[PDB]
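First the structure, in the form of structure tokens, and then the observations on it.
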Amino acid sequence: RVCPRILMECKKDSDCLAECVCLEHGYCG
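Heads up: the sequence shown is residues -16 to 12, going by this note's numbering.
What follows is the structure, given as structure tokens:
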């Protein structure tokens, strides 16, 4: 659940770094 507070777009969870996942806004946590 280590996902620093950043607002970038994504398409799938594994899109961002660390353990971030793609939330409702289609953006990473």
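A virtual CB, placed ideally from N, CA and C, is assigned to each residue, including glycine.
According to DSSP, residue pairing for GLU(-8) in a beta bridge involves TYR10. The residues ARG(-16), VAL(-15) and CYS(-14), in chain order, have a CB closer than 8 angstroms to that of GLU2 in the same chain once the five nearest residues on each side in sequence are set aside. Apart from the 5 residues on each side of it in sequence, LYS(-5) sits with its Cβ closer than 8 angstroms to the Cβ of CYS5 in its chain, given in chain order. Residue pairing by DSSP leaves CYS(-14) without any beta bridge partner.
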